[PDB]
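Trainee: Chains as they are written, first to last, in the deposited numbering: chain J, 21 to 230; chain M, 21 to 230; chain HA, 21 to 230; chain BB, 21 to 230.
For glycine and all other residues, C-beta sits at the position ideal for the given N, C-alpha and C.
Input: one structure, supplied below.
There are 4 protein chains.
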Amino acid sequence: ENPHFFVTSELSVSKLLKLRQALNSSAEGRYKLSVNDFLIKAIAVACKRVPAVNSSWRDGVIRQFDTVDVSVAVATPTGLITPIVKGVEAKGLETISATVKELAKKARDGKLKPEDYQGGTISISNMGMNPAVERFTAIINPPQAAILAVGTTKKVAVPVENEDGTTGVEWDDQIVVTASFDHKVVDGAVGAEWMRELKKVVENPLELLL
Amino acid sequence: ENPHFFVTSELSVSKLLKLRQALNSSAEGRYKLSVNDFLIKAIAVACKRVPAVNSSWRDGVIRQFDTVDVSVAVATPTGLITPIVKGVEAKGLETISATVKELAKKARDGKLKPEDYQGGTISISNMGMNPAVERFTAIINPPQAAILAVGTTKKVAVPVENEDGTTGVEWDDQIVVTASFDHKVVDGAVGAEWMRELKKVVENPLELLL
Amino acid sequence: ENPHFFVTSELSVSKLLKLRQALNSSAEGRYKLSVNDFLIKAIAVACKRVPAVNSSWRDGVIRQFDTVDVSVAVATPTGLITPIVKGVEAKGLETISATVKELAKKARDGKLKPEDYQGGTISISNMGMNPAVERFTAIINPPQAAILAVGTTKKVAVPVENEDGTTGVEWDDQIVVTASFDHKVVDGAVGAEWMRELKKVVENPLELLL
Amino acid sequence: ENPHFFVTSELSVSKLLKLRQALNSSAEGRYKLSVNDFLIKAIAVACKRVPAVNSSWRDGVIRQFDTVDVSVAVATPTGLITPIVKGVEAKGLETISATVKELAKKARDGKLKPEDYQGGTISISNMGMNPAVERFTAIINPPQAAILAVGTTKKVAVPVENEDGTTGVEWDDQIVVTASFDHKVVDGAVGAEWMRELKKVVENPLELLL
């Protein structure tokens, strides 16, 4: 029913990894941030910058949402459930990480209420904990217009300019992301622009601070 | 009427200055962050951690506020006005800087509405643009329980341990801050704790990211 | 009601720290002296040398006291209480330290009798255990005429004359103290003289032995 | 009754000390200038540049004064008296020093007439002769709008750029000054501007010549 199209990007996470390390060292056990928390915040910023992706199909209309409620895919013994982080734009990374850990526990325990997993405006699915999944596509969760699939981290050789003008080799830690879009709502231009903003914010994570 | 007491701290801003420089260079003219925007955000975080400072005196009761609406003192040709940044906890630094510049312009133009300057929960007054004001006290703006006065930046000699075990001299850029508190509401212990959290967050500005 | 004025001094504690270390090492667990015990004794000596500070306002008269009963501010979960060390001039440092620890425990336990905290002739408040409080003012505890606020210890670069006639840098451990005085009773001259005697005795702690 | 607020500045006196030395050496006993005479003249110049500080509260009106009559606080065995140097703008430093010494003697002798100490437009209190008073606040002498408290001189390490681009240490002789202002008459902006002019004139004492 949905004309799926896929847009893929490689993202450098070296700076994000350094930032995560510094923050987790400074947390004194109050929280433990994952890469997923940073990706969720960057998604929320990008959705605020390109609201057309923050929308849903309805009969005859596109419902654009003013809030970004991110449904996070959690595998359970009974399979996939999508608890919802509401109002992500207004939450700090600590609150996001804590909420996600709590909700994922409730998910595994089967104690989620319908309001915990009914609704949401965009989904994220992160399987990067499995080293055999470098890239995958995810099926859109209707009625959302977009889903971001996030693969595992791998080291990739990248060219570095040496001071002598030779090109050396640096090893960049990259993840592959693939956005699946519903072509009724989001065309290729909007999706590519949103992917550009996501890349920009993730590779310069100080923009996550604005 | 108010038993004023004062608590003073020296704050290292070297790291904050570096961060401000990097962000302003990356802004591409979209925004121009000042030190004041960082201090406002750090204040909002500290007020969220110690809500007893985020309160107001009323006849017979302390009204504690769930939101931190920061009144920012702006000098005008007609003197002092206090436009209010509402909901600071949920705003990014870009939105804060833009809002403050807009409101300060409206203030100078005399086009502020009463709702722009009536209310607020805590005040900040920043005179650090004048190099002859290293330290000052500010008079509390009733009914708020606290006001932070922020002086100018000066270089101070600080001891540094050299690799040889000698103590060298480093030059730390420090500001002096002075909080004035209403002793009916906030005692010395709460004020000192809040000053500790402010210092901690400003000197480790990555905590401003949480 | 009280015309508060403030007099501030930086005090070298390097010698006091060395003396405290030697005494605590020699105590064999009988006692454990804090800097606060030394400051209390020095206060008692200074109050004996300048009795005009050792006085209280009454309707029409200044009641000068022959004894120095020092009220020590202790933070409790219910806030501030002021247990009284009576007859400080006649007590040794061991007795002072033991009494203060016992009374502070009773304070936290809420087991102080009125006679333990009603009265006193001068107060001390010591917040130097918080590294974010370099300087503060304390509100006078009526009817006492004076209160000494004691901030935290910091290292300060001080000039030292080298044997070659060059000026090197030494690192002096300094505390900031601020006396608040009631200008009805104590004028600036008496307060400055008393601050001079306090500085003299603290920086030459052998005078605490006389 | 008076909303007191305090503005503090560190002032370099190295150049003023050199100038005082040269002048006193050239006086051949005709006069003996103190630092206080220079501060009085600089105050008079600053008051002429910012007359709003040179004013007094009256019921319903601010009386701005065209002349600067500086009341100088003198400690006596009976305490504080404020003899008045009239028309300071038109007097040279020699006349100021001579008048101050004469009036201070009459003060100690109790031979001041009411006209010698009734009135005045601004006060100065100088306790810098006591090395234990680095900083203090003074209570405003009504109906004057401002009082300047002047602490003692201390040596402070300041950064100096060496010819090799290293940062050495220089020892600057600094005094701390604290102006107390009545917030009904003088707001923070005017007080900070006046403090700026005072600093400018004291640090570049050739401007005292204009």
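Please confirm whether residue 114/M and residue 64/M have their CB atoms less than 8 Å apart.
Mentor: Looking up residue 114/M in the second sequence gives position 94. Looking up residue 64/M in the second sequence gives position 44. No; because the gap between Cβ atoms is not below 8 Å, this pair is not in contact.
Trainee: For residue 230/BB, which option in 61/BB, 34/BB, 45/BB and 27/BB has the closest C-alpha, if you only look at C-alpha atoms?
Mentor: Taking the fourth sequence and counting its residues from 1, one reaches residue 230/BB at position 210. Of the listed residues, the one whose Cα sits closest to residue 230/BB is 61/BB.
Trainee: If you reduce the DSSP assignment to three classes, tell me which class residue 208/M lands in.
Mentor: By one-based count along the second sequence, residue 208/M stands at place 188. Helix at residue 208/M.
Trainee: Counting beta carbon pairs with one atom in the stretch 160–169 of chain BB and one in the stretch 197–211 of chain BB, are three or more of them shorter than 8 Å?
Mentor: Yes, the stretch 197–211 of chain BB touches the stretch 160–169 of chain BB.
Trainee: Taking contact to mean 3 or more Cβ pairs, one atom from each stretch, closer than 8 Å, check whether the stretch 206–216 of chain HA and the stretch 42–59 of chain HA are in contact.
Mentor: Not touching, per the Cβ criterion.
Trainee: Name the chain M residues that come within less than 8 Å of residue 46/J, Cβ to Cβ?
Mentor: As a position in the first sequence, residue 46/J is number 26, starting the count at 1. Within chain M, the residues near residue 46/J are 224, 226 and 227.
Trainee: Comparing the C-beta of residue 217/J with each C-beta of chain M, is any distance below 8 Å?
Mentor: Reading the first sequence from its first residue, position 197 is the one you call residue 217/J. By this cut-off, residue 217/J is not an interface position.
Trainee: What are the partner residues of residue 127/M, as DSSP defines its beta bridges?
Mentor: Position 107 of the second sequence, counted from the start, is the residue given in the question as residue 127/M. Answer is none; residue 127/M lacks a bridge partner.
Trainee: Just checking, does the stretch 24–34 of chain BB make contact with the stretch 137–156 of chain M on the three C-beta pairs under 8 Å criterion?
Mentor: Taking 8 Å as the limit for Cβ pairs, the verdict is that the stretch 137–156 of chain M does touch the stretch 24–34 of chain BB.
Trainee: Give me the subset of the stretch 24–50 of chain M whose CB atoms are less than 8 Å from a CB atom of chain J, sorted by chain position.
Mentor: Hits within the stretch, in order: 39, 42, 43 and 46.
Trainee: Should the stretch 212–227 of chain M be called in touch with the stretch 177–197 of chain HA, which here means at least 3 C-beta pairs below 8 Å?
Mentor: No, because fewer than three Cβ pairs between the stretch 212–227 of chain M and the stretch 177–197 of chain HA fall closer than 8 Å, the two stretches do not touch.
Trainee: Across which residues does DSSP place residue 290/HA in a beta bridge pair?
Mentor: Residue 290/HA lies beyond the residue range present for chain HA, which begins at 21 and ends at 230; the question has no answer from this structure.
Trainee: For residue 194/M, which beta-bridge partners are listed by DSSP?
Mentor: Counted from its first residue, the second sequence places residue 194/M at position 174. The partner list for residue 194/M (beta bridge, DSSP) reads 32/M and 174/M.
Trainee: Determine, using beta-carbon pairs with one atom in the stretch 131–139 of chain M and one in the stretch 128–141 of chain J, whether at least three such pairs fall under 8 Å.
Mentor: No: fewer than three Cβ pairs fall under 8 Å.
Trainee: I'd like to know whether the C-beta of residue 124/M is nearer than 8 Å to at least one C-beta of chain HA.
Mentor: Against the second sequence, residue 124/M aligns to sequence position 104. No, residue 124/M lies away from the interface with chain HA (no Cβ there is under 8 Å from its Cβ).
Trainee: In whole angstroms, what is the alpha-carbon distance linking residue 51/M and residue 221/J?
Mentor: Translated into the one-based positions of the second sequence, residue 51/M becomes position 31. Translated into the one-based positions of the first sequence, residue 221/J becomes position 201. If I take the Cα positions, the gap works out to 16 Å.
Trainee: Could you name the residues that DSSP lists as bridge partners for residue 164/J?
Mentor: Position 144 of the first sequence, counting from 1, holds the residue named residue 164/J. Residue 164/J is bridged to 76/J.
Trainee: If we define contact as Cβ-Cβ less than 8 Å, is residue 186/M a contact residue for chain HA?
Mentor: Residue mapping note: residue 186/M aligns to position 166 of the second sequence, counting from 1. Residue 186/M does not count as touching chain HA.
Trainee: Grab the span of the alpha helix (DSSP H) containing residue 65/M for me, first residue to last.
Mentor: Start at 1 with the first residue of the second sequence, and residue 65/M comes out as number 45. Looking at the DSSP string, the run of the alpha helix (DSSP H) that includes residue 65/M is 55–69.
Trainee: Should residue 62/BB be flagged as near chain M, meaning a C-beta pair shorter than 8 Å?
Mentor: The residue labelled residue 62/BB in the question sits at position 42 within the fourth sequence. With 8 Å as the cut-off, residue 62/BB does not count as an interface residue toward chain M.
Trainee: Taking residue 153/BB as part of the beta strand (DSSP E), name the residues at either end of that continuous run.
Mentor: Counting from 1 along the fourth sequence, the entry for residue 153/BB is found at position 133. Here residue 153/BB belongs to no beta strand (DSSP E), and DSSP marks it neither H nor E.
Trainee: Please name the residues in the stretch 71–103 of chain M whose beta-carbon is closer than 7 Å to at least one beta-carbon of chain BB, in chain order.
Mentor: If the cut-off is 7 Å between Cβ atoms, the stretch 71–103 of chain M has 95, 99 and 100 near chain BB.
Trainee: What is the DSSP secondary structure of residue 181/BB, counted as helix, strand or coil?
Mentor: For this step, residue 181/BB is matched to residue 161 along the fourth sequence. Strand.
Trainee: Helix, strand or coil for residue 118/HA, going by three-state DSSP, please let me know.
Mentor: The count along the third sequence starts at 1 and reaches residue 118/HA at position 98. Correct three-state label for residue 118/HA: helix.
Trainee: Determine, using beta carbons only, whether residue 59/J comes closer than 8 Å to chain M.
Mentor: Working through the first sequence from its first residue, we reach residue 59/J at position 39. Chain M, which has no Cβ nearer than 8 Å to the Cβ of residue 59/J, makes this no.
Trainee: Could you check whether the Cβ of residue 208/BB sits closer than 8 Å to any Cβ belonging to chain M?
Mentor: Here residue 208/BB corresponds to residue number 188 of the fourth sequence, with the count starting at 1. Answer yes: the Cβ-Cβ gap between residue 208/BB and chain M drops below 8 Å somewhere.
Trainee: Between the beta-carbon of residue 165/M and the beta-carbon of residue 205/M, is there less than 8 Å?
Mentor: Mapped onto the second sequence, residue 165/M falls at position 145. Mapped onto the second sequence, residue 205/M falls at position 185. Yes, the Cβ-Cβ distance between residue 165/M and residue 205/M is below 8 Å.
Trainee: In the DSSP output, what is residue 169/BB paired with across the bridge?
Mentor: Indexing the fourth sequence from 1 puts residue 169/BB at position 149. Partner(s): 145/BB and 198/BB.
Trainee: So residue 142/BB packs on residue 67/BB, CB below 8 Å; how close in whole Å?
Mentor: Counting from 1 along the fourth sequence, the entry for residue 142/BB is found at position 122. Counting from 1 along the fourth sequence, the entry for residue 67/BB is found at position 47. Indeed they touch by this definition, with Cβ atoms about 6 Å apart.
Trainee: Examine chain M for any beta-carbon lying closer than 8 Å to the beta-carbon of residue 165/HA, and answer yes or no.
Mentor: Stepping through the third sequence from its first residue, residue 165/HA is reached at position 145. No - not a single Cβ of chain M is within 8 Å of the one on residue 165/HA.
Trainee: Taking the C-alpha atoms as reference points, what is the distance between residue 103/HA and residue 123/HA?
Mentor: The residue you call residue 103/HA lines up with position 83 of the third sequence. The residue you call residue 123/HA lines up with position 103 of the third sequence. Cα to Cα, residue 103/HA sits roughly 7 Å from residue 123/HA.
Trainee: How many Å lie between residue 90/M and residue 37/J at the Cα?
Mentor: Position 70 of the second sequence, counted from the first residue, corresponds to residue 90/M. Position 17 of the first sequence, counted from the first residue, corresponds to residue 37/J. Their Cα atoms are separated by approximately 34 Å.
Trainee: In the structure shown, what three-state DSSP assignment does residue 138/M receive?
Mentor: Along the second sequence, one-based indexing puts residue 138/M at 118. Of the three classes helix, strand and coil, the one that applies to residue 138/M here is coil, per DSSP.
Trainee: Any beta carbon from chain BB within less than 8 Å of residue 159/M's own beta carbon?
Mentor: As a first step, residue 159/M is located in the second sequence; it is residue number 139 there, counting from the start. Output row for residue 159/M: interface = yes.
Trainee: Got a sec: which bits of the stretch 127–154 of chain BB sit with their beta carbon under 8 Å from any beta carbon on chain HA, in order along the chain?
Mentor: Cβ contacts with chain HA: 145, 147, 150, 151, 152, 153 and 154.
Trainee: Counting only C-beta atoms, is residue 175/BB closer than 8 Å to chain HA at any point?
Mentor: Locating residue 175/BB in the fourth sequence gives position 155, where the first residue counts as 1. Chain HA, which has a Cβ nearer than 8 Å to the Cβ of residue 175/BB, makes this yes.
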